[PDB]
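K.L.:
I'd like to ask some things about the structure below.
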Amino acid sequence: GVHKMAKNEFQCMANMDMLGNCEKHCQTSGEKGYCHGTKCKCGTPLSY
């Protein structure tokens with residue numbers, strides 16, 4: 001909802017956000033990381 005929270009966008013490669021400050025914080029929780037520079041979040045891989 002409030003922010004892009006999936007593997008589809010930024011891909012830890014965007015030319016001003018690729019240095020995502022959460023490089024272990026996701027895998028240490030078992031969930032997947034998203035790189036928005038300092039606005040770096042993780043998230044569950046989800047199911048349907």
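In the structure tokens, the first chain shown is A, the next is B, and so on; residue numbers restart at 1 for each chain, and ligands run from 1 in the order shown.
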Please give the complete set of residues from chain A that DSSP, run on the backbone, assigns to strand (DSSP E), formatted as a ChimeraX atom specification.

P.N.:
/A:32-34,41-43

K.L.:
Would you save the residues from that selection as a compact mmCIF listing (two decimals), in the first residue's frame, using N, CA and C atoms?

P.N.:
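This is the output file result-v6.txt:
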```txt
# COMPACT_ATOMS: atom_id res chain seq x y z
N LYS A 32 12.66 -11.39 2.49
CA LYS A 32 13.37 -10.84 1.32
C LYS A 32 13.52 -9.31 1.36
N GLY A 33 14.73 -8.82 1.16
CA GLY A 33 15.11 -7.40 1.08
C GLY A 33 14.82 -6.66 -0.23
N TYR A 34 14.44 -5.39 -0.07
CA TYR A 34 14.16 -4.37 -1.09
C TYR A 34 15.07 -3.14 -0.84
N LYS A 41 13.71 -1.80 3.06
CA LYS A 41 12.78 -2.67 3.79
C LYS A 41 12.94 -4.13 3.40
N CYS A 42 12.45 -5.03 4.24
CA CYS A 42 12.32 -6.44 3.88
C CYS A 42 10.83 -6.80 3.70
N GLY A 43 10.51 -8.03 3.32
CA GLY A 43 9.14 -8.52 3.23
C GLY A 43 9.05 -10.01 2.95
```

K.L.:
What's around range 12-16 of chain A at 6 Å? Count only C-alpha atoms, leave out sequence neighbours fewer than 2 positions away in its own chain, and write the answer as a list in words.

P.N.:
residues 10, 18 and 35 of chain A

K.L.:
The selected residues should be written to file as a PDB file, in the first residue's frame (atoms: N, CA, C and O atoms).

P.N.:
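Okay, this is what ended up in result.pdb:
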```
ATOM      1  N   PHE A  10      13.090  -1.399  -8.347  1.00  0.00           N
ATOM      2  CA  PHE A  10      14.456  -1.029  -7.919  1.00  0.00           C
ATOM      3  C   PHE A  10      15.544  -2.111  -8.076  1.00  0.00           C
ATOM      4  O   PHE A  10      16.668  -1.790  -8.473  1.00  0.00           O
ATOM      5  N   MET A  18      20.831   1.964  -4.982  1.00  0.00           N
ATOM      6  CA  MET A  18      21.397   0.601  -4.979  1.00  0.00           C
ATOM      7  C   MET A  18      22.167   0.186  -3.707  1.00  0.00           C
ATOM      8  O   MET A  18      22.502  -0.994  -3.553  1.00  0.00           O
ATOM      9  N   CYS A  35      15.750  -2.611  -1.857  1.00  0.00           N
ATOM     10  CA  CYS A  35      16.747  -1.547  -1.683  1.00  0.00           C
ATOM     11  C   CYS A  35      16.261  -0.170  -2.164  1.00  0.00           C
ATOM     12  O   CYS A  35      16.317   0.135  -3.355  1.00  0.00           O
TER      13      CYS A  35
END
```

K.L.:
Would you kindly return, as a VMD selection string, each protein, DNA or RNA residue with an atom no farther than 6 Å from any atom of residue 17 in chain A, considering only C-alpha atoms and excluding same-chain residues fewer than 2 positions away?

P.N.:
chain A and resid 14 19 36 to 37

K.L.:
Quote the spacing between CA of residue 21 in chain A and CA of residue 47 in chain A in Å to one decimal place.

P.N.:
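Computing it gives 26.5 Å between the two atoms.
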